[PDB]
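Residue numbers (UniProt numbering): 2 to 562, 569 to 583.
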Ligand SMILES: Nc1ncnc2c1ncn2[C@@H]1O[C@H](COP(=O)(O)O)[C@@H](O)[C@H]1O
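Printed below as a string of structure tokens:
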């Protein structure tokens with residue numbers, strides 16, 4: 002057992018837990034503590050019931066307190082000289098708030114923190130970096146996962162053997178499996194060519210044909226769907242119990258191909274075609290939510306991808322930098338009722354993601370997800386810069402370049418009333434000679450829209466399949482809500498996680514990196530032709546307003562038996 006990897010992994014889950022508690026002010030850890038200073042070190046004194054915690058803190062570039070992770074936390078009465086685990090600190094906080102703990106899921110958060118530390122230790126210990134740079138960058142994005150989130154590495158439903166095979170970090174390949182779906186009971190994308198799906202499963206077509214013939218069924222009546230081996234074993238026999246009885250779905254115990262997981266365990270990589278990914282259902286619980294893409298989201302992603310391509314034609318900045326993944330080739334089960342809203346449909350789908358050909362025929366450019374750059378590891382920075390000897394001025398110049406192209410592209414989209422979900426996992430940067438050449442968008446199912454701006458530019462609204470006269474996350478009814486998903490995902494999570502990584506790796510101040518980010522944002526907002534009636538509101542929300550919205554990730558996990572939530576935190580752009 003690698004004891005260095007266990008201690009390193011335990012310290013990462015503790016740091017993410019304490020920071021996540023401080024950002025959301027869980028049990029008044031900030032608001033009901035006193036700021037003091039013992040021997041040049043700022044401390045939160047959290048006193049409650051009869052216990053006391055001393056947290057070493059520093060005022061971060063988000064204008065909130067963060068855990069000074071170099072210094073140890075002091076719990077009054079704890080005589081143990083060993084490092085604090087995240088599970089122990091959580092248990093201490095829960096026992097200090099007996100009134101609150103009642104209505105929280107204390108038991109499984111404690112278990113999830115233990116799992117997160119165990120599985121991350123495994124992945125640090127047995128990290129096997131792939132030879133292909135894009136596959137390798139996806140391993141680092143998977144290793145880091147959702148930043149400032151202590152339960153990110155917990156994958157509920159996965160047994161210990163499932164972690165070993167499906168986690169991208171360990172570099173183990175696995176086959177796909179087959180389910181015959183009757184042609185009468187399925188739909189597909191408007192421009193989805195069946196030839197491409199047939200090409201996927203063609204090696205086992207003859208074996209599948211024989212298996213159906215030993216059952217009184219004909220392959221001419223069915224379409225062969227790839228199924229994830231976990232989805233195949235644990236989910237499909239139950240969710241399609243009646244459909245399997247009626248011979249509408251047939252689970253063929255076939256195995257074909259050789260697939261690695263990406264940053265997502267749903268989007269799979271064939272090493273023979275590493276820019277042609279296969280997305281399949283994997284009904285497990287990541288970040289407290291059941292990882293399930295409903296069939297209507299793929300129909301929405303088709304309408305969204307269509308809008309994104311119109312803005313790339315229209316805008317000068319988007320034409321230069323932005324490319325998008327083709328996700329139009331998708332197939333899904335469809336019950337005889339023709340109710341696309343049914344949750345069942347999401348468990349039996351297949352979606353082909355074609356990355357731009359320009360990249361796949363360029364072996365010199367390195368495709369790196371912005372999630373991968375948040376990983377506390379030199380590998381990707383040394384590859385991009387082209388040297389081990391990375392100076393302070395090198396990485397600052399590199400961050401300025403990433404922040405300039407990202408914030409220009411993001412705000413250039415937003416002026417028209419369109420906002421892709423731009424956390425680190427959905428956007429990739431094409432690096433060449435240490436500079437950002439291109440941005441590559443993927444997962445287009447959550448492109449948010451502001452109708453008044455789309456109407457002002459005379460753009461057709463995406464024909465989103467949504468519940469009739471009911472509010473949803475896709476259509477934002479005011480500018481505060483529209484800019485919230487930029488302020489949270491793009492700046493406070495994505496860009497700040499890259500700042501957090503660069504500080505850990507190269508010792509550059511996060512304050513100097515935030516000043517660099519702040520100035521780029523001011524330059525972009527000033528030079529974009531906003532709808533003139535709303536220009537003052539854009540400036541107010543970002544720069545002048547005393548609060549920013551913050552996406553809640555811990556408090557939902559305490560409430561779930569998955570609630571959505573924004574709360575107010577201080578404006579990082581404000582100096583006060
Ligand atoms: N904001 C985020 N930043 C980084 N990684 C994320 C973020 N949100 C989700 N992810 C990860 O990326 C994956 C998203 O793809 P999927 O799980 O297939 O829906 C999940 O497995 C998450 O662990």
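Beta carbons: idealized from backbone N, C-alpha and C, even for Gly.
Sheet register partners of residue i (DSSP bridge)
i           : result
residue 256 : 178
residue 436 : 433
residue 343 : In DSSP, residue 343 forms no bridge with anything.
residue 134 : In the DSSP output, where bridge partners are listed per residue, residue 134 has none listed.
residue 157 : 286
residue 187 : 334
residue 584 : Nothing in the structure corresponds to residue 584, since the chain is present only between 2 and 583.
residue 37  : 44
residue 566 : Since the model of the chain includes 562 and then 569 but nothing between them, residue 566 has no atomic positions to report.
residue 223 : 183
residue 370 : 429
residue 531 : Its beta-bridge partners do not exist; DSSP assigns none.
Residue i versus the options, residue with shortest Cα-Cα distance
i           : options               : result
residue 430 : 487, 298, 360 and 413 : 360
residue 332 : 295, 313 and 308      : 295
residue 7   : 234, 86, 67 and 55    : 86
residue 502 : 37, 373 and 56        : 373
residue 435 : 428, 383, 451 and 449 : 383
residue 458 : 397, 243, 530 and 62  : 530
residue 123 : 171, 158 and 130      : 171
residue 583 : 471, 64 and 196       : 64
residue 396 : 120, 505 and 454      : 505
residue 279 : 351, 27 and 474       : 351
residue 566 : 330, 487, 245 and 377 : As shown, the structure holds no coordinates for residue 566; the chain passes over it, running from 562 to 569.
residue 115 : 472, 12, 26 and 270   : 12
residue 559 : 4, 22, 10 and 371     : 22
residue 136 : 381, 197 and 244      : 381
residue 1   : 303, 41, 366 and 287  : What is shown of the chain runs 2 to 583, which leaves residue 1 out entirely.
residue 520 : 404, 447, 535 and 541 : 404
Any non-hydrogen atom of ligand 2 within 8 Å of residue i CB
i           : result
residue 140 : For ligand 2, the structure offers nothing, since it holds only ligand 1.
Proximity test, residue i beta-carbon vs ligand 1 heavy atom, cut-off 8 Å
i           : result
residue 287 : yes
residue 376 : no
residue 120 : no
residue 444 : yes
residue 494 : yes
residue 540 : no
residue 299 : no
residue 335 : no
residue 273 : no
residue 266 : yes
residue 418 : no
residue 95  : no
residue 563 : Placed between 562 and 569 in the numbering, residue 563 has no coordinates, as the chain goes from one to the other without interruption by modelled residues.
residue 426 : yes
residue 157 : no
residue 292 : yes
residue 146 : yes
residue 485 : no
residue 566 : Any structural detail on residue 566 is unavailable, because the chain resumes at 569 straight after 562.
residue 21  : no
Cutoff 8 Å; reference residue i; Cβ partners in own chain excluding five residues on either side
i           : result
residue 490 : 422, 423, 424 and 552
residue 44  : 36, 37, 38, 55, 56, 57 and 58
residue 548 : 575, 576, 577 and 578
residue 345 : 240, 241, 334 and 336
residue 476 : 449, 450, 452, 465 and 467
residue 133 : 272 and 275
residue 117 : 14, 87, 151, 152, 153, 154 and 155
Contacts around residue i, its chain only, beta-carbon distance under 7 Å, and the 5 residues preceding and following it disregarded
i           : result
residue 557 : 289, 569, 570 and 572
residue 485 : 550 and 573
residue 212 : 253
residue 402 : 436 and 437
residue 310 : 325
residue 393 : 507 and 509
residue 165 : 171 and 173
residue 313 : 319, 320 and 323
Close beta carbons around residue i, own chain, < 6 Å, minus the five adjacent residues each side
i           : result
residue 356 : 276 and 326
residue 153 : 146 and 147
residue 251 : 181
residue 269 : 260 and 279
- Stretch pair the stretch 461-471 + the stretch 436-447: three plus CB contacts closer than 8 Å: no
- Message: Does the contact criterion of 3 or more C-beta pairs under 8 Å hold for the stretch 63-74 versus the stretch 14-30?
- Response: yes
- Message: Measuring CB atoms only, is the stretch 183-200 touching the stretch 335-347, in the sense that at least three cross pairs come out at less than 8 Å?
- Response: Of all C-beta pairs linking the stretch 183-200 to the stretch 335-347, three or more are shorter than 8 Å, placing the two stretches in contact.
- Message: Three or more C-beta pairs under 8 Å: does that hold for the stretch 255-269 against the stretch 191-211?
- Response: yes
- Query: For the stretch 313-325 against the stretch 399-413, are there 3 or more C-beta pairs whose distance is under 8 Å?
  - Reply: yes
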